[PDB]
Number of protein chains: 2
Amino acid sequence: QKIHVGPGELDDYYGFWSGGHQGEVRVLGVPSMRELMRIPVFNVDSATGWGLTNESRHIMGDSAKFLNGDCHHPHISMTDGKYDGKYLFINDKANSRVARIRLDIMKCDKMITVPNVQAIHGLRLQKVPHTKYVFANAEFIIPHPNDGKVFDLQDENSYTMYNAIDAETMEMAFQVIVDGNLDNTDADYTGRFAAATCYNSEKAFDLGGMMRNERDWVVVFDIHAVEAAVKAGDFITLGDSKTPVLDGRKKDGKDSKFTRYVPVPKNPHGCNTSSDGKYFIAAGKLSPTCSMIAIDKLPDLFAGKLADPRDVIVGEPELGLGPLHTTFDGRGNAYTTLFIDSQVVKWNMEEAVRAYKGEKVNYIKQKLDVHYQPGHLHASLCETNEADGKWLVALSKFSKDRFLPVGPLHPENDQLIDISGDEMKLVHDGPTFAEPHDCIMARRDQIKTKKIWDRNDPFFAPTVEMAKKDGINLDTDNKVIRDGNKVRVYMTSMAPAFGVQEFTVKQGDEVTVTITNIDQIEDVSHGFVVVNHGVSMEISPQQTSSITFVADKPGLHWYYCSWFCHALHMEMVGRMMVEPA
Amino acid sequence: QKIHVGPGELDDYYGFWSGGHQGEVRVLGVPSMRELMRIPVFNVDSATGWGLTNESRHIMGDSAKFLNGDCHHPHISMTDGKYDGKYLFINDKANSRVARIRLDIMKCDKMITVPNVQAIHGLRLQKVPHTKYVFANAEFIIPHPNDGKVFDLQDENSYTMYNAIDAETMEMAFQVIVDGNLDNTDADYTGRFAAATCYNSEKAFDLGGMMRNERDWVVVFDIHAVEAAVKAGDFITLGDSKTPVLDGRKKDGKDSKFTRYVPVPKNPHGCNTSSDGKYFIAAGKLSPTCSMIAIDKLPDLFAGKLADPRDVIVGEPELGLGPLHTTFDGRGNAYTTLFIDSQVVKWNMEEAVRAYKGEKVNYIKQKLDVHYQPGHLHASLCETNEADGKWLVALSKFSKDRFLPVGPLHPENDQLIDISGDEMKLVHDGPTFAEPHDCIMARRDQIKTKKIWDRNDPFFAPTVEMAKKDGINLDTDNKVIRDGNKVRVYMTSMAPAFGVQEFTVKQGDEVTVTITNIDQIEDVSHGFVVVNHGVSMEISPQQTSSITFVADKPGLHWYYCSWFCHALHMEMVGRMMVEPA
Ligand code: CUA
Ligand code: CUA
Ligand SMILES: [Ca+2]
Ligand SMILES: [Ca+2]
Ligand SMILES: [Cl-]
Ligand SMILES: [Cl-]
Ligand SMILES: [K+]
Ligand SMILES: [K+]
């Protein structure tokens, strides 16, 4: 298969990389493994002005004060268990957020701070009949209220929560209180069930105390029950938050209607739904195994027909030292990362089930050495019923000597593996910055992007609305509006000239600058930088962007186009003149 | 020649790419073209905490308030016209800075805001006897003083200055006032001469005005005469800066003794020194030519022994539409990007010289189509007397359809070209983000990097000093110092545990957390994030990192390791308990 993309040839798949604790999303071409684009999200991007513009800061809301993010789990919206390519969602563990990226423009359009929780980690989307909810794990246990009166993790009100978000409105939909904590999560192929791993059933704070008892669990949710109760008004609220909260904790050994707890060894990590939709598969981490829950048997468990929690475990294969995550070729094989053994193991699921039932069958097919310490892995289309079994990417955390030395801080090794035949084969070592955790691949024909902006696009619709209240036609106008100590500059730009090449303000004015790029030709991007004022933004064809800063320095202040747009780019400039105190 | 670096194999050259409007430096492996490392400079990096940590904010000084940058020009320190691999220097156009990167650790360790100027653009290094000076261009004509009383560019005190920075101290050495402006810059192979291009000899603000003269110039500097006047104390100062300022403007049609103006058509851009040391080659931009100045004839120019300044023009080859930059194979050939024709033109320098003298000779050897609109280009070791004629990179501004569509905003196309033979062969298209302008390549053996940090390292030496005053040994100690409402947490880190897992503070307290990574294994990096407090940093092996934040939120707040470092990495956590006000 494939491997090389030469000049003039295009990649076959889009890859979407989490940027880890750097905070952006990266778009790659597969199988080239080249970075086609970065999409700023939780990071401040000096290039495009994400974090600086009024459009981005409005999207970010109050959290625009944060300059950091820690994002792990990128996922694409689905319709009937197949990517629809409309949105990508990603977590922020550092500042408790979920972001939405529109895949038609490759920008983040919505962001939410998840209320009453700490650290949003695991995240996956509802598969069937479409992505109605985004499900997100809050990883750390906290007091409720968290007012500094209680610090102890054991209080009746010290807990973490599972989170559902309307994928379309990006509002909170509901939250479910749970025993222990939450690591990773996945959803079934019906919409009824979701599931999550827990590694802190002990509720300790030290290393040894989290590794305490030989088993934790995966908690299985009945979204249908949860939906029913919310619409039956049976919910509580926490603090000033209107979010419906339902209780998924076990009372005195009795179950809530919303949850079930399936014991799993040992500090389990990855939580993955097979492409055939037969299994939730939990990676054992400290246990050298994975754990297979039959989704089949979940209706009987919730209905009380099953004698005991462990009954839904139809497989528990022994695999190797330090299992972290599982993915699927859609051929009936599963692929699991072993962190300690530094391998990917390929294994047959149905054979694992039968071996848990007595039959002595060798369910392991192959172990491939990786370099080194793999975390996540992802097979192409693995999260859909179209799992095509062509490509595998394992994302290792130590690169050691796989690339040229670049100092004490090392890159990550993301390795492309061909799985289209019977033997896994390593084809490409891909260095990446700041620890991507997971990634997702889509077919090229599953993504459809806009070549230039629509004037009516929601992204800057608020800026269009404000322009109205000044009597500005953004498509045509080059005006300066004065309002007390607020100066609002409106201009069109067309390579190689700004529509407004000079304005004059008085010292201390609040200057907003709105730019509308009216070039027709694709790729004709402009920038705008105000020298020595900390101001920078992109404006792409037919886009409107706006930025606001204080003219606190008297004298002549130059602004220049940052994006190379024309032969006369260097001369694409203007002057802001600031009248003294 | 080469091209593919399969798994386990290593690249041959380091590349150091500008990060453009994004503000960072990127280290790539050549010829694979993979990005090995991002070095944060003018950008805020959520991953390492550059812009957030105390060590980084100290280096940046007052400019820490700025979240943006605009770099174009990365260069490597030399000894005897050869790379010595100690330092990389780069410009910031947006906020008028010069930054230093230490190539042993791959971090920015020094940063200066250039006084009394706007927009640091062109930048190159003294070649011989070594890089004592960093030369830097200030692009924009501004009033002095810029107090808001005078705005006119024609005014006797409206001008810009050429800048010299001590490469070692990173303190201003001197500035030189010039007529017109400055675009790009380069230096000879003796240390006496430096030269810069000008496109605004007209001192205009509009587009037509800047294009009025048929010729602008390259201004040439006698650095030795300059140095001899600073020494003699024949200099002025401006405003609050101590920096010696010399006058290299013309006075009533008579030269300053520090400078010469050599008229060159038209809005010239590139300013490149051939690797044999013979020529400053200015790229003609609006004129379809390069102009070759003979560094030979310069001593006579400054000794007044030549009637006209054009007498130092020895070749002015017609090459094609929109020449922007020039590079060298060390074989006698120059290679020039044609922005409008979208080509690299290979030409023989000495034949161009023969042609200028009327001799009938075809100095053009080849034109290679590039995709699309090339700005800068770079041939391996081209800045040294060791120019090796092997690889070339052309950095084109419009990628169009060369990669998959990723929205209205496109990647740049940096195309690797094989120049080892008579024929340039296009070998790889490399999509890049936020428009790197230029780059530089060095042989693998020319870069030596630290595998781990030294405890004595200058980078965190100030943080070490604060610890001594506190009677704190960083290598061993896990104590919590209190001083009023200041709280100074000192801890060691060893995967999988922070040496301080808990600390209590009062609401409103100023918390400084100082972490020393005492793991000995290479590549074992640690991280430190405080949830919902916008705090994030990296501590690589044997490093000390510190960060400061306010505990304005009462309650329990978790802090965790961000770098996946150990099997139990998820459990590398701690607790900040904050008592109410
Ligand atoms: Cu407009 Cu560069
Ligand atoms: Cu230390 Cu992960
Ligand atoms: Ca446990
Ligand atoms: Ca001119
Ligand atoms: Cl998972
Ligand atoms: Cl140049
Ligand atoms: K790593
Ligand atoms: K571009």
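Whatever order the structure lists ligands and atoms in, that order sets their numbers, starting from 1. Below, chains carry the letters A, B, ... as their sequence lines are ordered, and counting in each starts from 1. Heavy-atom basis, side chains included; hydrogens, waters and symmetry copies ignored.
Screening B/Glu571, B/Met572, B/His566 against B/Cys561 for a side-chain contact (heavy atoms from CB on, under 4.5 Å) leaves a single residue, B/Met572.
For residues 524-546 of chain B, the set of pairs meeting the salt bridge (charged side-chain N to carboxylate O under 4.0 Å, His left out) definition, not counting sequence neighbours, comprises B/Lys107-B/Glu538.
Within a radius of less than 3.0 Å around the Ca ion (ligand 3), the protein N, O or S atoms are A/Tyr199 O, A/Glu202 OE1, A/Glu202 OE2, A/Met210 O, A/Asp216 OD1, A/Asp216 OD2, A/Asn267 OD1. Distances from atom 1 (Cu) of ligand 2 under 2.8 Å pick out these protein N/O/S atoms: B/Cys561 SG, B/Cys565 SG, B/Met572 SD.
To the nearest 0.5 angstrom, A/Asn181 atom CG is 15.5 Å from A/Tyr159 atom OH.
Residues B/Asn184 and B/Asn272 have side chains not in contact (no heavy-atom distance under 4.5 Å, counting atoms from C-beta outward).
In summary, B/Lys266 and B/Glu214 do not engage in a salt bridge, as defined by a charged side-chain N under 4.0 Å from a carboxylate O.
Taking the centre of each ring, B/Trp563 and A/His21 come in below the 6.0 Å mark.
In this structure B/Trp217 satisfies the ring pair (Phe, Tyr, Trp, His ring centres under 6.0 Å) test together with B/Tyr261, sequence neighbours excluded.
Geometric assessment of B/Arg38 against the ring of A/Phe433 yields a negative cation-pi assignment under the 6.0 Å and 45° thresholds.
For the residue pair A/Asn137 and A/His121, no side-chain donor N or O sits within less than 3.5 Å of a side-chain acceptor on the partner.
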